[PDB]
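J.: kindly return the folded structure for what I paste below:
(6 chains, ligands or ions: 1)
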Amino acid sequence: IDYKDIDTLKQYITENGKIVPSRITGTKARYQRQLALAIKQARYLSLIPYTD
Amino acid sequence: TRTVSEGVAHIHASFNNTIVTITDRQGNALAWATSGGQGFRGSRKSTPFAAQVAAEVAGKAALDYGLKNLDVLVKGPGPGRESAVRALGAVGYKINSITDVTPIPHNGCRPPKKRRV
Amino acid sequence: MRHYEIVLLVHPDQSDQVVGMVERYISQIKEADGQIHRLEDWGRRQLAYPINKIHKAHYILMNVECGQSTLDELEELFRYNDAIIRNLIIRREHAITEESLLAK
Amino acid sequence: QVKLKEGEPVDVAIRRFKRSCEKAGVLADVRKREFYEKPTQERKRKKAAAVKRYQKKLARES
Amino acid sequence: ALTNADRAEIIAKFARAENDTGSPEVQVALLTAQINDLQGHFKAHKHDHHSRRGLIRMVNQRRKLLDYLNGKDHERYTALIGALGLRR
RNA sequence: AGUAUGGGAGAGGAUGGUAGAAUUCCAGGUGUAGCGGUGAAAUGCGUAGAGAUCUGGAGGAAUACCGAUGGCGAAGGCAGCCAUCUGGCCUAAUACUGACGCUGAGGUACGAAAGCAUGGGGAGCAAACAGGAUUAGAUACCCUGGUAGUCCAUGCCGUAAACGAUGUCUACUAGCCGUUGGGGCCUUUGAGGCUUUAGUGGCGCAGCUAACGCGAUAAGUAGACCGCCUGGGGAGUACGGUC
Ligand SMILES: NCCC[C@H](N)CC(=O)NCCC[C@H](N)CC(=O)NCCC[C@H](N)CC(=O)N[C@@H]1[C@H](O)[C@@H](OC(N)=O)[C@@H](CO)O[C@H]1NC1=N[C@@H]2C(=O)NC[C@@H](O)[C@H]2N1
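T.: Residues are numbered from 1 along each chain as shown, chains lettered A, B, ... in the order given. Sure, the structure comes next:
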């Protein structure tokens, strides 16, 4: 998963903008790490908001 | 003198006090009230009842400017946020929305030391 | 050499110089050596949060292969260009040529 | 960021709003930010939390 | 950093037989090349202690292999140290 | 025991950029008597206009959520994102060298925090110190302030309950349930089920222990080398010496 796939990136983001834990989303640890990296890159690219 | 239909209520509710300020948009204040301004000195300044009495005072003061609907923002872990938001409806405004805007550091400055009471 | 992926955010007021800047950068990469596997113009998009008191920006994606000197001059040019408000450079293994999402 | 409905009552709005806030869990961070917690204390607390989590898991499996 | 071509060149230059990669001559030549290459890195980054540990391990390994080669065959040892310019 | 070739995970190290949240300060608009603080108060701030609220600017330090009995590192320790330089580890199959090994007195390298030297920086916090409370007294705990220091560059210091209070290396000895990084096999379509390997956890047979407890990550069964102990104080002290 990469930062450009905004639709999937939003599936793991709360309404505030916080990353959803793997214990809630049922994801693998490596996939969760890649997801967090992609989300942090997309926030920098102003593709998704940092907060709210 | 100035008329405005839509405004925002700000409820800054700490553990020692609660300030309710009624402003119009773009953040220009119109009326404000605090628990200290209605008696309630010292420790009693933090009770929910004082927050309530400050809230109706502020609402009635803003009624002169004459806003019928307003949006509410609450910041702080105060005990008087319940009463402050409730009293505005009793005064008679229409609450369009209510949100929490308590600022959260992203691991910024070091907070003060722990109290060894 | 090394494959790099570059995302540039151009000021919406300079939207009609983006072709000139892109061609200049492509020419520099080519004269060094360079294989521009991919180049996409995502268009003018709204920003999730305002940057420099701006709410829209032009999005450009490039995938290049280049050396250290090409990378250094490219990054320095990006820094000194005022039309570019934010750029992201990430190194990748493999050359990516397929069309990406947001190309619409 | 709770938006009231058209005929949405005030008390129902307050309620829906502050367990929207309870779901958000901002007040936990606000409580955390009152005093500085030393790293040794933080690690001890996290270790205790992990132990409690594991003991809860075994009971819920049984 | 050295690349596959450089390592293959060293192996080809110092091999004792076809497909020889484990001989002490080849191992010592590779270690010497790596140490000489890392000298430049440690000039620029004086405080990279964590990498200097790996450098020290390389030095120790080369010394042990040289001692073993000297024990086995003196002439090969002298030839190797002369070829690589090592003082001992 | 080691070498070459493919693949993989990681807050491992060094350098330089950059992003967002927040605190403080400055300026301006709206606005007017309080704010702040405590068990309760007081010191303190404010009518030359605070606090609150909105807009802009300056600077420093740290990186919410992810986050985990998770990961990496010899240990000390290491968390935003990006680039450059760089160490180690895991995993498959052939190929290669042919005991090249283990430990290690002296020696040497690294080594939290505080502290020291020279020069910068200084938002927040805060030894010393000032004032306000409490108290029989307060020298303290509580409150309002606040300097070293905490930060950076170049060096020194070499100490911690530096702990798993458990030296390193090797082989062997029931099982059951988790989790991280890989290899293989099987279903049959994509997600599951068996194994195997290197880590990281919870129980537990035998065995061991004064007991508590340990129990393939041994404190069991054996081997190699090193360090250390010999009642409590005097005492990690005096003298001499090295730094
Ligand atoms: N090649 C091998 C590689 C090894 C690897 N590197 C590390 C490793 O594997 N080491 C073996 C395990 C030894 C272990 N360290 C000894 C032990 O565990 N206790 C020490 C003996 C004290 C006493 N006899 C028992 C005791 O008081 N128990 C308490 C108790 O059960 C409970 O507390 C309370 N109040 O009821 C619990 C929760 O607080 O805490 C325990 N106490 C503790 N739990 C902690 C823990 O396990 N560790 C760190 C420290 O924190 C420990 N203290």
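J.: what separates residue B:99 from residue B:88, distance-wise?
T.: Distance, residue B:99 to residue B:88, using CB to CB, to the nearest Å: 14 Å. Where you see a C-beta, it was placed from the backbone N, CA and C, and this is true even at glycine.
J.: those two: who's more crowded?
T.: More neighbours surround residue B:88 than the other of residue B:99 and residue B:88, with 24 against 16 (other CB atoms under 10 Å in any protein chain shown).
J.: tell me which helix or strand the more buried one sits in.
T.: In this assignment (DSSP states H and E), residue B:88 forms part of helix B:81-91.
J.: elements contacting that helix?
T.: Packing partners of helix B:81-91 (3 or more CB pairs under 8 Å, 6 or more residues apart in numbering or on different chains; DSSP states H and E): strand B:6-13, strand B:18-24, helix B:48-65, strand B:69-75, strand B:94-100, helix D:10-24.
J.: of all those, which one comes closest to chain C?
T.: Nearest of these to chain C, taken as CB to the nearest CB: strand B:94-100 at 17.3 Å.
J.: would you give the sheet partners of that closest one, along with the direction of each?
T.: Sheet partners assigned to strand B:94-100 using DSSP bridges are listed as strand B:69-75 (parallel), strand D:2-3 (antiparallel).
J.: just put those in JSON lines and tack on mean neighbour count.
T.: Compiled in JSON lines, the strands paired with strand B:94-100 are given as follows (neighbours: other CB atoms under 10 Å in any protein chain shown):
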{"stretch": "strand B:69-75", "mean neighbour count": "19"}
{"stretch": "strand D:2-3", "mean neighbour count": "16"}
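J.: if we can go back for a sec, quick one, which of the helices and strands packed on helix B:81-91 is packed in tightest?
T.: Among these, ranked by average contacts under mean count of other CB atoms under 10 Å in any protein chain shown, first place goes to strand B:18-24 (a mean of 23).
J.: strand B:69-75 and that one, what's the angle between them?
T.: 140 degrees (axes from the mean of the first three to the mean of the last three CA atoms, to 10 degrees).
J.: contacts for strand B:18-24 next, please.
T.: Applying CB atoms under 8 Å, 6 or more residues apart in numbering or on different chains, the external contacts of strand B:18-24 come out as B:4, B:6-13, B:29-35, B:46, B:50-51, B:54-55, B:58-59, B:61-62, B:65, B:67, B:70, B:76, B:78, B:80-81, B:84.
J.: quick one on the thing from earlier: of all the strands paired with strand B:94-100, which one is nearest RNA strand F?
T.: strand B:69-75 (5.5 Å; CB to the nearest atom of the strand).
J.: look up how far residue B:95 lies from the residue nearest the centre of chain A.
T.: Geometric centre of chain A, nearest residue: residue A:39, 3.9 Å, by CA atoms, centre = their mean. The gap separating residue A:39 from residue B:95 is 34 Å, by CB to CB.
J.: Three-state assignment for the closest residue to RNA strand F within chain C, please.
T.: Closest approach between chain C and RNA strand F, counting by CB to the nearest atom of the strand: residue C:91, at 3.5 Å. With DSSP: H, G, I helix; E, B strand; the rest coil as the basis, the three-state label of residue C:91 is strand.
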